[PDB]
Every structure is written in C-alpha cells, then in structure tokens.
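Its first residue numbered 1, the sequence shown is counted upward by one per residue in the deposited numbering.
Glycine included, C-beta positions come from ideal geometry on N, C-alpha and C.
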Amino acid sequence: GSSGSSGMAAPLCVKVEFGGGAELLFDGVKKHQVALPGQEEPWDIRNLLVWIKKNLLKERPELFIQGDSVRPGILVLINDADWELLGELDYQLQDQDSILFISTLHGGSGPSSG
C-alpha cells in the first residue's frame, strides 16, 4: 500500500524542570530540553510520563514515579498551574509548553546526631 495517507504531526518540544533532589534522577540538571515525536494524537501527560520515565529519567522510576502516573508525592505544574485543574492525564501537551516536576516525599530526616 503506497501513497495511502499523508499528515504525520511534527515533533513538539517542551522544557522540563525539576526542583531540588529530583534533578539528580535526570542527569542532575535544573532544566531539560524535551523533544517529543509527531503522531496522529497529541502528546498527553499520560504518555509524556512513559518518555520522561525512560528517555529523561536515567535512574529507577519506582524512585521518581510509579506507573503511567506521577507518584503521590511528585507534584507537577504545567505552565505554572497545577495539572490537576488543567488535566492530570486528560491534558494534551502541544508545544513550547514547560512542565515542572517537584518531589515532596523523599525527605529522609529524623534522628539527628550533629
């Protein structure tokens, strides 16, 4: 089947930034340039995870995120706006969109010595 259809969306780019501690899980960097591929369907947070969990995320996911969704501690923010109000997984990233990922769970702190 040649010359079937034509119209493959183009690759979108998004600026991902992680607070303190999480950045380490990603080449230890404050800002990370992401470039998602192009397809018939727009890159939605749901999928985005799979990428940021593999492509970006260099360390074990179970540590940063668990599953297609962000851990119960990792708070994300799309364009300075809780992804909750927009769309935890319903949102569909288009382009020039900046995604923030902060970690407020891994805070090993208890019995002090010094």
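- Message: What does DSSP give as the partner residue(s) for residue 50 in the beta ladder?
- Response: Note: residue 50 sits in no beta bridge, so no partner.
- Contact set for residue 16: own chain, Cβ-Cβ below 6 Å, skip 5 residues either direction: 32, 34, 99
- Item | Whole runs of the alpha helix (DSSP H) within the segment 59–91, excluding any shorter than 4 residues | 61–64, 83–86
- Query: Per DSSP, residue 103 is paired with what?
  - Reply: 74
- Check whether the Cβ atoms of residue 78 and residue 101 lie closer than 8 Å to each other. no
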